[PDB]
Every structure is written in structure tokens, then in C-alpha cells.
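Structure data (mmCIF, C-alpha atoms) from entry_8.cif:
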data_start
#
loop_
_atom_site.label_atom_id
_atom_site.label_comp_id
_atom_site.auth_asym_id
_atom_site.auth_seq_id
_atom_site.Cartn_x
_atom_site.Cartn_y
_atom_site.Cartn_z
CA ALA A 3 76.31 -134.11 137.41
CA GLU A 4 80.02 -134.72 138.03
CA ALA A 5 80.91 -132.43 135.12
CA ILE A 6 78.50 -129.71 136.35
CA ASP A 7 80.08 -129.88 139.83
CA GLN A 8 83.49 -129.34 138.22
CA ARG A 9 82.16 -126.39 136.12
CA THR A 10 80.90 -124.73 139.34
CA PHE A 11 84.34 -125.10 141.01
CA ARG A 12 85.96 -123.46 137.96
CA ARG A 13 83.50 -120.52 137.88
CA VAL A 14 83.46 -119.74 141.64
CA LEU A 15 87.26 -120.12 142.13
CA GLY A 16 87.64 -117.83 139.08
CA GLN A 17 86.30 -114.97 141.22
CA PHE A 18 89.79 -114.83 142.88
CA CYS A 19 91.81 -112.62 140.50
CA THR A 20 95.55 -113.41 139.96
CA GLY A 21 98.64 -112.41 137.97
CA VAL A 22 100.20 -114.79 135.39
CA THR A 23 103.66 -116.45 135.50
CA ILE A 24 105.80 -118.53 133.09
CA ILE A 25 107.91 -121.01 135.12
CA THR A 26 111.01 -122.22 133.21
CA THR A 27 114.11 -124.48 133.20
CA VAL A 28 116.78 -125.85 130.83
CA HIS A 29 117.08 -129.62 130.60
CA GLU A 30 119.94 -131.05 128.54
CA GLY A 31 120.42 -127.82 126.56
CA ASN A 32 116.88 -126.79 125.52
CA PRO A 33 114.53 -124.28 127.18
CA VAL A 34 111.31 -125.64 128.80
CA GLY A 35 108.34 -123.75 130.36
CA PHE A 36 104.65 -123.63 131.36
CA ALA A 37 102.04 -120.95 132.26
CA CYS A 38 100.87 -120.92 135.92
CA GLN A 39 98.44 -118.90 138.12
CA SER A 40 98.66 -121.05 141.33
CA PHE A 41 101.67 -119.08 142.58
CA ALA A 42 102.30 -117.34 145.97
CA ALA A 43 104.96 -115.75 148.18
CA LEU A 44 105.46 -118.19 151.14
CA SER A 45 108.19 -117.17 153.65
CA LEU A 46 110.61 -114.30 154.33
CA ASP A 47 113.11 -116.18 156.55
CA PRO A 48 114.08 -118.43 154.85
CA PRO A 49 112.99 -116.80 151.53
CA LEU A 50 110.48 -119.22 149.87
CA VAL A 51 107.80 -119.28 147.14
CA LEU A 52 105.27 -121.95 146.04
CA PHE A 53 103.55 -123.12 142.83
CA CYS A 54 101.06 -125.93 142.02
CA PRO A 55 101.56 -127.96 138.79
CA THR A 56 99.13 -130.72 137.67
CA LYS A 57 100.11 -134.36 138.37
CA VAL A 58 100.01 -134.89 134.58
CA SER A 59 102.37 -131.94 133.74
CA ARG A 60 105.33 -132.70 131.42
CA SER A 61 106.98 -129.35 132.19
CA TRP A 62 107.13 -129.95 135.97
CA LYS A 63 108.99 -133.25 135.35
CA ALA A 64 111.82 -131.32 133.60
CA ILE A 65 112.05 -128.93 136.61
CA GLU A 66 112.09 -131.89 139.04
CA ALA A 67 114.99 -133.40 137.04
CA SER A 68 117.12 -130.23 136.96
CA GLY A 69 116.22 -129.09 140.50
CA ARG A 70 116.19 -125.41 139.30
CA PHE A 71 113.55 -122.96 137.97
CA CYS A 72 112.91 -119.26 137.22
CA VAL A 73 109.51 -117.56 137.83
CA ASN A 74 108.71 -114.83 135.22
CA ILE A 75 105.90 -112.39 136.30
CA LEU A 76 104.16 -111.13 133.11
CA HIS A 77 103.36 -107.57 131.91
CA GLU A 78 100.02 -106.87 130.14
CA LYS A 79 101.93 -106.46 126.82
CA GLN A 80 102.91 -110.19 127.13
CA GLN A 81 99.36 -111.64 126.61
CA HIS A 82 100.83 -113.38 123.46
CA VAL A 83 103.49 -115.18 125.54
CA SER A 84 100.86 -116.62 127.91
CA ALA A 85 98.72 -117.78 124.95
CA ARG A 86 101.77 -119.45 123.33
CA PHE A 87 102.60 -121.49 126.44
CA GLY A 88 98.93 -122.51 126.77
CA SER A 89 98.83 -124.09 123.29
CA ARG A 90 99.99 -127.43 121.86
CA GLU A 91 102.43 -125.71 119.47
CA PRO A 92 106.02 -127.05 119.42
CA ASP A 93 109.16 -124.93 120.08
CA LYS A 94 107.49 -122.50 122.48
CA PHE A 95 110.47 -120.10 122.84
CA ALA A 96 110.68 -119.38 119.07
CA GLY A 97 110.40 -115.61 118.47
CA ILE A 98 110.57 -114.94 122.23
CA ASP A 99 113.78 -113.28 123.51
CA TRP A 100 115.34 -114.88 126.61
CA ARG A 101 118.64 -115.17 128.58
CA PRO A 102 119.97 -117.63 131.22
CA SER A 103 119.78 -116.63 134.92
CA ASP A 104 122.79 -117.02 137.27
CA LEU A 105 121.62 -120.64 137.85
CA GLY A 106 120.95 -121.34 134.14
CA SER A 107 117.13 -120.98 133.93
CA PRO A 108 115.38 -118.90 131.20
CA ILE A 109 114.53 -115.22 131.98
CA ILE A 110 111.98 -113.90 129.41
CA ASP A 111 112.70 -110.33 128.18
CA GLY A 112 109.92 -107.76 128.79
CA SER A 113 108.68 -109.26 132.09
CA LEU A 114 107.83 -107.16 135.18
CA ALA A 115 110.11 -109.27 137.45
CA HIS A 116 111.93 -112.63 137.77
CA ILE A 117 112.80 -114.94 140.70
CA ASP A 118 115.75 -117.46 140.48
CA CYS A 119 115.02 -120.65 142.55
CA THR A 120 115.92 -124.24 143.51
CA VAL A 121 113.38 -127.01 144.39
CA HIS A 122 113.16 -127.07 148.24
CA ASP A 123 110.30 -129.55 148.95
CA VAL A 124 107.34 -131.31 147.20
CA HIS A 125 103.94 -132.40 148.64
CA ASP A 126 100.88 -134.32 147.34
CA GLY A 127 97.94 -131.97 146.57
CA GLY A 128 95.11 -134.17 145.24
CA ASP A 129 95.24 -134.05 141.44
CA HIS A 130 98.10 -131.45 141.72
CA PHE A 131 101.49 -131.23 143.50
CA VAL A 132 102.54 -128.32 145.76
CA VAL A 133 106.20 -127.30 145.08
CA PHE A 134 108.26 -125.06 147.43
CA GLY A 135 111.18 -123.08 145.98
CA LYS A 136 114.18 -121.50 147.76
CA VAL A 137 115.00 -118.00 146.39
CA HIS A 138 118.69 -117.35 145.40
CA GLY A 139 118.23 -114.10 143.42
CA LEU A 140 115.49 -111.74 142.17
CA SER A 141 114.84 -108.36 140.52
CA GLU A 142 112.33 -106.04 138.80
CA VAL A 143 113.04 -104.24 135.48
CA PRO A 144 113.51 -100.46 136.06
CA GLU A 145 111.42 -97.89 134.11
CA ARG A 146 108.96 -100.50 132.74
CA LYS A 147 105.42 -99.20 133.47
CA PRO A 148 103.71 -101.14 136.31
CA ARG A 149 100.81 -102.78 134.38
CA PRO A 150 100.43 -106.53 135.29
CA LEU A 151 98.72 -109.21 133.15
CA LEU A 152 95.65 -110.50 135.06
CA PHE A 153 93.36 -113.57 134.87
CA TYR A 154 89.78 -113.24 136.24
CA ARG A 155 86.65 -115.42 135.64
CA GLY A 156 88.38 -117.27 132.76
CA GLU A 157 89.52 -114.12 130.85
CA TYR A 158 92.66 -111.95 130.58
CA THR A 159 92.41 -108.40 131.98
CA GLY A 160 94.44 -105.55 133.61
CA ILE A 161 94.30 -102.73 136.22
CA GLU A 162 92.84 -99.20 136.19
CA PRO A 163 95.73 -97.19 137.65
CA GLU A 164 93.38 -94.36 138.81
CA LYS A 165 92.05 -96.84 141.44
CA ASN A 166 95.50 -97.27 143.17
CA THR A 167 95.01 -96.57 146.94
CA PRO A 168 97.56 -96.62 149.85
CA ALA A 169 97.06 -99.34 152.49
CA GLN A 170 97.79 -99.04 156.23
CA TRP A 171 98.34 -102.12 158.51
CA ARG A 172 98.63 -102.47 162.33
CA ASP A 173 98.10 -106.22 163.08
CA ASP A 174 101.67 -107.55 162.96
CA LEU A 175 100.53 -111.14 163.67
CA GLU A 176 98.74 -111.33 160.29
CA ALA A 177 101.02 -109.23 158.03
CA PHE A 178 101.03 -109.75 154.22
CA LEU A 179 104.52 -110.69 152.88
CA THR A 180 104.22 -107.85 150.29
CA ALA A 181 103.29 -104.96 152.61
CA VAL B 1 126.57 -123.20 156.73
CA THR B 2 123.63 -120.78 157.24
CA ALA B 3 123.38 -118.31 154.32
CA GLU B 4 121.76 -114.85 154.26
CA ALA B 5 121.87 -113.55 150.69
CA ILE B 6 118.36 -112.05 150.03
CA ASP B 7 117.57 -108.47 151.23
CA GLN B 8 114.12 -108.28 152.88
CA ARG B 9 113.13 -104.92 151.34
CA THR B 10 113.96 -106.33 147.87
CA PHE B 11 111.85 -109.49 148.57
CA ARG B 12 108.80 -107.37 149.49
CA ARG B 13 109.21 -105.08 146.47
CA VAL B 14 109.69 -107.86 143.87
CA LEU B 15 107.03 -110.32 145.19
CA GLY B 16 104.55 -107.37 145.18
CA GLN B 17 104.71 -107.41 141.37
CA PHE B 18 102.44 -110.52 141.48
CA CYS B 19 98.91 -109.05 141.72
CA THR B 20 96.21 -110.85 143.80
CA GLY B 21 92.62 -110.69 145.01
CA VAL B 22 91.90 -110.10 148.74
CA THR B 23 90.16 -112.61 151.07
CA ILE B 24 88.82 -112.64 154.63
CA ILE B 25 89.27 -116.16 156.10
CA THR B 26 86.92 -116.87 159.07
CA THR B 27 85.74 -119.37 161.76
CA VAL B 28 83.81 -119.53 165.07
CA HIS B 29 85.86 -120.47 168.19
CA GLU B 30 84.82 -120.30 171.89
CA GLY B 31 81.56 -118.50 171.01
CA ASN B 32 83.13 -115.67 169.00
CA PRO B 33 83.55 -114.98 165.25
CA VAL B 34 87.27 -114.81 164.30
CA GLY B 35 88.94 -113.78 161.01
CA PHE B 36 91.93 -112.30 159.15
CA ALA B 37 92.85 -110.67 155.77
CA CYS B 38 94.88 -112.95 153.42
CA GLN B 39 96.34 -112.77 149.85
CA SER B 40 98.25 -116.13 150.03
CA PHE B 41 95.24 -118.15 148.74
CA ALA B 42 94.99 -120.56 145.73
CA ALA B 43 92.70 -123.10 144.06
CA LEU B 44 94.57 -126.46 144.49
CA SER B 45 92.68 -129.58 143.17
CA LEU B 46 89.53 -130.53 141.22
CA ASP B 47 89.25 -134.24 142.26
CA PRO B 48 89.14 -134.15 145.24
CA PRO B 49 88.06 -130.43 145.51
CA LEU B 50 90.77 -128.60 147.55
CA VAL B 51 92.07 -125.08 148.20
CA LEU B 52 95.09 -123.74 150.15
CA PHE B 53 96.06 -120.67 152.24
CA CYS B 54 99.23 -119.65 154.11
CA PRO B 55 98.89 -118.03 157.59
CA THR B 56 101.96 -116.77 159.51
CA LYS B 57 103.34 -119.11 162.22
CA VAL B 58 102.38 -116.42 164.82
CA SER B 59 98.76 -115.97 163.54
CA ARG B 60 95.96 -115.51 166.11
CA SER B 61 93.31 -116.60 163.58
CA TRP B 62 95.15 -119.82 162.66
CA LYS B 63 95.09 -120.97 166.31
CA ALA B 64 91.27 -120.61 166.26
CA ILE B 65 90.90 -122.37 162.86
CA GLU B 66 93.16 -125.24 163.96
CA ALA B 67 91.04 -125.74 167.12
CA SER B 68 87.60 -125.60 165.39
CA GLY B 69 88.61 -127.67 162.33
CA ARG B 70 86.78 -125.46 159.77
CA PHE B 71 87.03 -122.13 157.85
CA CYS B 72 85.18 -120.01 155.23
CA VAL B 73 87.05 -118.06 152.50
CA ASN B 74 85.28 -114.75 151.51
CA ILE B 75 86.45 -113.10 148.23
CA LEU B 76 86.06 -109.27 148.47
CA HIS B 77 84.43 -106.74 146.06
CA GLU B 78 86.24 -103.42 145.26
CA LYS B 79 83.70 -101.48 147.41
CA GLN B 80 84.81 -103.52 150.46
CA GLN B 81 88.24 -101.90 150.98
CA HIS B 82 86.90 -100.81 154.42
CA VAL B 83 86.43 -104.47 155.44
CA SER B 84 90.07 -105.37 154.58
CA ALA B 85 91.25 -102.27 156.50
CA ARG B 86 89.31 -103.20 159.67
CA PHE B 87 90.64 -106.79 159.65
CA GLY B 88 94.19 -105.41 159.22
CA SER B 89 93.79 -103.23 162.37
CA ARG B 90 94.25 -103.98 166.10
CA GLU B 91 90.54 -103.37 166.98
CA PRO B 92 89.32 -105.84 169.66
CA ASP B 93 86.07 -106.75 167.84
CA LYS B 94 86.69 -106.90 164.10
CA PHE B 95 83.15 -107.92 163.11
CA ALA B 96 81.61 -104.79 164.74
CA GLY B 97 79.59 -102.85 162.14
CA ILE B 98 80.16 -105.54 159.46
CA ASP B 99 77.09 -107.58 158.40
CA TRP B 100 77.65 -111.39 158.45
CA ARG B 101 75.78 -114.76 158.72
CA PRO B 102 76.83 -118.41 159.39
CA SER B 103 77.65 -120.83 156.54
CA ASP B 104 76.28 -124.39 156.41
CA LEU B 105 79.34 -125.70 158.30
CA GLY B 106 79.06 -122.74 160.75
CA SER B 107 81.73 -120.16 159.72
CA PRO B 108 81.19 -116.40 159.03
CA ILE B 109 80.03 -115.30 155.50
CA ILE B 110 80.65 -111.55 154.92
CA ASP B 111 77.57 -109.92 153.31
CA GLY B 112 78.34 -108.16 150.00
CA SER B 113 81.28 -110.40 149.01
CA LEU B 114 81.74 -111.66 145.40
CA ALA B 115 81.93 -115.36 146.44
CA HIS B 116 82.56 -117.71 149.38
CA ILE B 117 84.01 -121.22 149.86
CA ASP B 118 83.00 -123.36 152.92
CA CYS B 119 85.83 -125.78 154.05
CA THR B 120 87.18 -128.25 156.65
CA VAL B 121 90.89 -128.46 157.56
CA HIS B 122 92.39 -131.33 155.46
CA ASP B 123 96.17 -131.21 156.07
CA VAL B 124 98.89 -128.81 157.36
CA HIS B 125 102.58 -128.44 156.34
CA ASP B 126 105.55 -126.43 157.62
CA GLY B 127 106.47 -123.52 155.29
CA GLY B 128 109.38 -121.58 156.81
CA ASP B 129 107.98 -118.66 158.84
CA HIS B 130 104.48 -119.60 157.58
CA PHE B 131 102.24 -122.73 157.49
CA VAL B 132 100.56 -124.15 154.33
CA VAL B 133 96.96 -125.23 155.14
CA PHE B 134 94.86 -127.43 152.79
CA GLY B 135 91.04 -127.24 152.87
CA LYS B 136 88.47 -129.77 151.67
CA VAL B 137 85.63 -127.90 149.92
CA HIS B 138 82.07 -128.73 151.19
CA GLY B 139 80.19 -125.74 149.69
CA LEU B 140 80.63 -122.80 147.35
CA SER B 141 78.60 -119.85 146.12
CA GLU B 142 78.72 -116.70 143.97
CA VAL B 143 75.22 -115.40 144.82
CA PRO B 144 73.66 -112.93 145.52
CA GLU B 145 75.21 -111.65 142.28
CA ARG B 146 77.23 -108.42 142.50
CA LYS B 147 78.78 -106.46 139.59
CA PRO B 148 82.10 -108.30 138.86
CA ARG B 149 84.70 -105.80 140.15
CA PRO B 150 87.22 -107.50 142.50
CA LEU B 151 89.35 -105.83 145.21
CA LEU B 152 93.05 -106.18 144.18
CA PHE B 153 96.42 -105.82 146.00
CA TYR B 154 99.48 -104.83 143.88
CA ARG B 155 102.90 -103.30 144.85
CA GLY B 156 101.63 -102.78 148.44
CA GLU B 157 98.45 -100.82 147.42
CA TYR B 158 94.77 -101.61 146.84
CA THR B 159 93.47 -101.37 143.23
CA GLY B 160 90.80 -102.67 140.78
CA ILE B 161 90.27 -103.78 137.15
CA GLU B 162 89.56 -101.86 133.91
CA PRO B 163 86.58 -103.91 132.54
CA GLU B 164 87.16 -102.76 128.93
CA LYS B 165 90.35 -104.90 129.08
CA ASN B 166 88.42 -108.20 129.69
CA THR B 167 89.37 -110.61 126.84
CA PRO B 168 88.44 -114.34 126.23
CA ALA B 169 91.26 -116.94 126.50
CA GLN B 170 91.75 -120.42 124.94
CA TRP B 171 93.82 -123.40 126.28
CA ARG B 172 94.64 -126.33 123.95
CA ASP B 173 97.21 -128.06 126.22
CA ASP B 174 95.05 -130.02 128.67
CA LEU B 175 98.06 -131.34 130.64
CA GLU B 176 98.88 -127.78 131.87
CA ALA B 177 95.51 -125.93 131.96
CA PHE B 178 94.67 -123.52 134.83
CA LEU B 179 92.08 -124.82 137.30
CA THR B 180 89.85 -121.80 136.54
CA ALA B 181 90.15 -121.89 132.71
CA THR B 182 86.77 -121.87 130.88
#
Could you write out this structure as C-alpha cells?
Amino acid sequence: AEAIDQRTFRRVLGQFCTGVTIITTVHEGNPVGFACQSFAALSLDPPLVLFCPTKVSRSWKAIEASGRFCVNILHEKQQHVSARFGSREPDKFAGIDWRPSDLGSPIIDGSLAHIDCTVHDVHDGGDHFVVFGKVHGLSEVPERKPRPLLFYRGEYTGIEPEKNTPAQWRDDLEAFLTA
Amino acid sequence: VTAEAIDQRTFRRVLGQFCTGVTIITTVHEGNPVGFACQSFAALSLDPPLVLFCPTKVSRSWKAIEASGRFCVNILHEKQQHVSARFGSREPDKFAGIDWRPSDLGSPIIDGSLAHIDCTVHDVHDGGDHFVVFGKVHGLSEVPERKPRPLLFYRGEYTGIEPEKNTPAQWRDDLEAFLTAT
């Protein structure tokens, strides 16, 4: 009954659709990363983001040690990259083109956007941590078609661009960070 | 030394490249239903079962949620763009013309939503010009069943999925698996 309760959490929370990130660092010379969907924009002033690694994550411990990370937001053509980071295969950056950011963290070629960060604060979050990052630089790749990789009810998907609709807002007290 | 190095227009443009669902987060306070639209939501923990959301420090709804001690998260269907629009307006009664009923804890469920999650306030942290609020999950539901077509927000616009793109996914590394992985 414990395992069924956990299956229900996974299914119901899966109804909230998200993009997909790879969060990366370099620790003593080698590139390190993990796939993550528990990402959000947090604050404009100061500029902050958050992400939620598991308490058992090996990749987060490398980020904690360096104090630096880059967030790569994935394009739908990068489904293979996400699958690679999700596996137990060694040498995860093999065959994947990348370059260091201004702070030294891996930027993956072909992404929609990247965000160059330092670790700002860390909190306990049950069986996960919540990590705040301070933003030091960011950009989107020009002329790449805006088609994000999605994750919804346990499967990869993408958008139908014919559905794109302008949004108007008036309540300034509750403004989205991205409007 | 106080540093200002990030342009605000650039922040909004770049962070909009991360696509999200759309929620309405609700409570009852001083005999009235209260709610707001929010994209800063995430699944947080399995054991214990937790979620998080991030209201602005100036939020009217957060003051009501803080006082009552409880909230319900409603995940919207693509045909509910009109609900998100009303909650994003300055109308004095936002629940007018929108069908709703109380959850087991006593917070508004929006009829026609894809799913809802019934919570109590668990902890609260400072997050710059926002707060980060943790909720303890007491109930959750994805019925009555509706065709699985979520309302999305991407690059400052509403959108939706192409269901022909839906593809199964496998995850061998248990130490890093998503909370919602099958």
C-alpha cells in the first residue's frame, strides 16, 4: 500500500507539464551533469533560480564542491541528450559537443538557452534538497527554432505552435517572472 | 559592494524558454474564496510527500494562505485559458462565473481541471523578491478524467501539446530519477 501511494503521487504530479534541463559543472578537470525537471525562475532582484536534486544524488555533490553550475534548457532535437544523462552509462559527455562558460561550467551546444550560476543557499526538502542559484550571465541562441523538449505524464513530448496565444496581465501583485 | 549586472528584459526573455504548466492556487480566508495564477510550482519530495510554490513578496493571495494555513493546487486544462486570464485580472470577485467546490481540507477545487493537490503549509523561506513555500500533501486526485491536454506557458504566451509527439521514456540511474518518472 506504501508503493501504491507512491505510484499515485508520481501519476498525479505528472499532470504538471515541464521543460527539461541538464545542470552541469567541472570538478578537478572533468565535466559532470544530471537531468532535472524540478527547476524554476525565483527572483528578479536579486536574479535567482532554484532546482531540487535528490538527497542521494552524486552529481549535486560535485556542484556543492565547486560552488558553480550552468543550467542548459533543452530543445526537442536533444531528446537523446536527456536519455543519455538518465542512464547508468559512463562518460556521459562523449559524442556531445560542449564549451566552458565564463565561470568554467559546461554549456551544451544545440540548447535553447543557458544560465551561468553560483550556489547561493541550500535548504532541506524531505528526501530532496532545494538549491538557490545566483545568476551571473545568461543567453538564448539566435535563429534556433523555438521548440522546447517537454515531459508530461512520464513521457517526452513537444508543443503545437498553431496553439500559441498572446497573454494579457493586469494584477501586478501576482505577476509571473516570465511575462 | 552591491552589483547590478543582469538586464531585466534579458532575464524575462531567457527564463521564458523553460516551458511550464499553469496552476490556480487557492484557499478560504475570512469567509471568501481567494486564489492566484502561478507557474513557479514543483513536485518536491516522495517521503514525506511535499510540493513547493513561489509567490511574490507583495502577493495578496499569500497573505490569505499564510493566515488560513492551507491551500489547494489546481492544474489547468488547455480549454481553461479563460480561467487563467480572469485570475490574472484586477476583477474584485475572481470566482464569479467559475464553477468550484471545497476540498476535504476546505480549499477551492476548480471544476474541469486536470488534477488537484490538497495541502497544509509546512515551511516558508526567503527567496529574494519572492518567498518559497513548502506544502505537506494530504490529498490528490486526477478525476473526473478529462482528455490529457494541458494548458502551457512558453516565451510569455499560452500554448498546448502535439499529442502525436508523446514518447515513452526510461531511467536506469535511480540516484537521479525525476519524481514523476514512470
* **Coordinates-based distance that separates atom CA of residue 182 of chain B from atom CA of residue 157 of chain A (Å, one decimal)** => 8.2 Å
* To do: Determine the nearest neighbour of residue 169 of chain B from the options B:22, B:181, B:15, B:58, counting only C-alpha atoms.
  => B:181
* Expanded to explicit residues, what is the PyMOL selection byres ((chain A) within 7 of (chain B)) for this file, as a ChimeraX atom specification? -> /A:8,12-21,38-40,42-48,54,56,58-59,75,88-90,114-115,127-130,139,141-142,156-162,165-169,171-173,175-176,178-181
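The residue that comes closest to residue 51 of chain A, out of A:73, A:177, A:96, A:110 and on the basis of all atoms listed in the file, is A:73.
When atom CA of residue 108 of chain B is paired with atom CA of residue 70 of chain B, their separation reads 10.7 Å.
Rounded to one decimal, atom CA of residue 111 of chain B and atom CA of residue 65 of chain B lie 20.6 Å from each other.
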* Name every residue that the PyMOL selection byres ((chain A and resi 28-32) around 7) selects in this structure, writing the answer as a ChimeraX atom specification with chains first and numbers rising. => /A:27,33-34,64,68,106-107
So which residues get picked by the PyMOL selection byres ((chain A and resi 37) around 6) here, written as a PDB file with C-alpha atoms, in the frame of the given file?
ATOM      1  CA  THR A  23     103.660-116.450 135.500  1.00  0.00           C
ATOM      2  CA  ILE A  24     105.800-118.530 133.090  1.00  0.00           C
ATOM      3  CA  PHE A  36     104.650-123.630 131.360  1.00  0.00           C
ATOM      4  CA  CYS A  38     100.870-120.920 135.920  1.00  0.00           C
ATOM      5  CA  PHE A  87     102.600-121.490 126.440  1.00  0.00           C
TER       6      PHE A  87
END
With 5 Å of padding per side, what axis-aligned box (centre and edge lengths, Å, one decimal) covers all the listed atoms of segment 166-175 of chain A? Give it as JSON.
{"center_x": 98.3, "center_y": -103.9, "center_z": 153.4, "size_x": 16.7, "size_y": 24.6, "size_z": 30.5}
* Identify, on the basis of only C-alpha atoms, every residue whose closest approach to residue 112 of chain A does not exceed 8 Å; exclude the query and any residue fewer than 5 positions from it along the same chain; express the result as a PyMOL selection string. => chain A and resi 76-77+80
Grab segment 105-174 of chain B from that structure and dump C-alpha atoms to a file, as a short mmCIF file (atom, residue, chain, number, x, y, z; two decimals), in the first residue's frame.
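The resulting result_19.cif:
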data_model
loop_
_atom_site.label_atom_id
_atom_site.label_comp_id
_atom_site.auth_asym_id
_atom_site.auth_seq_id
_atom_site.Cartn_x
_atom_site.Cartn_y
_atom_site.Cartn_z
CA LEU B 105 -9.34 20.34 3.92
CA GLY B 106 -11.66 23.19 2.78
CA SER B 107 -9.93 24.96 -0.16
CA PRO B 108 -11.41 25.71 -3.64
CA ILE B 109 -11.27 22.96 -6.36
CA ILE B 110 -11.84 24.42 -9.88
CA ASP B 111 -14.31 22.23 -11.86
CA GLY B 112 -12.88 20.97 -15.17
CA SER B 113 -9.22 20.93 -14.07
CA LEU B 114 -6.85 18.04 -15.00
CA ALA B 115 -5.82 17.38 -11.35
CA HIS B 116 -5.71 18.89 -7.85
CA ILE B 117 -3.45 18.60 -4.77
CA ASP B 118 -4.84 19.39 -1.25
CA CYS B 119 -2.10 20.76 1.16
CA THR B 120 -1.20 22.38 4.52
CA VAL B 121 1.57 24.99 4.87
CA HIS B 122 4.73 23.09 6.02
CA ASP B 123 7.58 25.66 5.93
CA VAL B 124 8.44 29.08 4.38
CA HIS B 125 11.81 30.51 3.22
CA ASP B 126 13.03 33.90 1.97
CA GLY B 127 13.75 33.90 -1.80
CA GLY B 128 14.84 37.40 -2.85
CA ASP B 129 11.77 39.31 -4.10
CA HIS B 130 9.72 36.09 -3.69
CA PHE B 131 9.01 33.52 -0.93
CA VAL B 132 9.46 29.71 -1.29
CA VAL B 133 6.51 27.88 0.35
CA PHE B 134 6.54 24.11 1.11
CA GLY B 135 3.26 22.15 1.31
CA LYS B 136 2.52 18.83 3.01
CA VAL B 137 0.24 16.77 0.73
CA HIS B 138 -2.97 15.41 2.41
CA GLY B 139 -4.96 14.51 -0.75
CA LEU B 140 -4.65 14.26 -4.50
CA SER B 141 -6.86 13.47 -7.47
CA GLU B 142 -6.97 13.27 -11.28
CA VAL B 143 -10.71 12.51 -11.63
CA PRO B 144 -13.18 13.18 -13.18
CA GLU B 145 -10.96 12.20 -16.13
CA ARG B 146 -10.52 14.80 -18.89
CA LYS B 147 -8.69 14.33 -22.23
CA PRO B 148 -4.97 14.86 -21.36
CA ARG B 149 -4.24 18.25 -22.98
CA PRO B 150 -2.54 20.64 -20.50
CA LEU B 151 -2.51 24.47 -20.63
CA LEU B 152 1.14 25.61 -21.20
CA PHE B 153 3.04 28.92 -20.80
CA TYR B 154 6.14 29.46 -23.03
CA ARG B 155 8.02 32.67 -24.07
CA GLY B 156 5.25 34.81 -22.48
CA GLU B 157 2.35 33.13 -24.41
CA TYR B 158 -0.19 30.36 -23.74
CA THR B 159 0.17 27.13 -25.78
CA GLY B 160 -0.54 23.35 -25.78
CA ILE B 161 0.95 19.95 -26.75
CA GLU B 162 1.05 17.99 -30.05
CA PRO B 163 -0.11 14.52 -28.82
CA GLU B 164 1.49 12.68 -31.77
CA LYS B 165 4.85 13.66 -30.16
CA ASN B 166 4.16 11.69 -26.91
CA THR B 167 7.01 9.14 -26.50
CA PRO B 168 7.83 6.65 -23.62
CA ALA B 169 10.98 7.31 -21.53
CA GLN B 170 13.29 5.02 -19.48
CA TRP B 171 15.50 5.89 -16.44
CA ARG B 172 18.22 3.44 -15.31
CA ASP B 173 20.01 5.79 -12.85
CA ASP B 174 17.86 5.59 -9.70
#
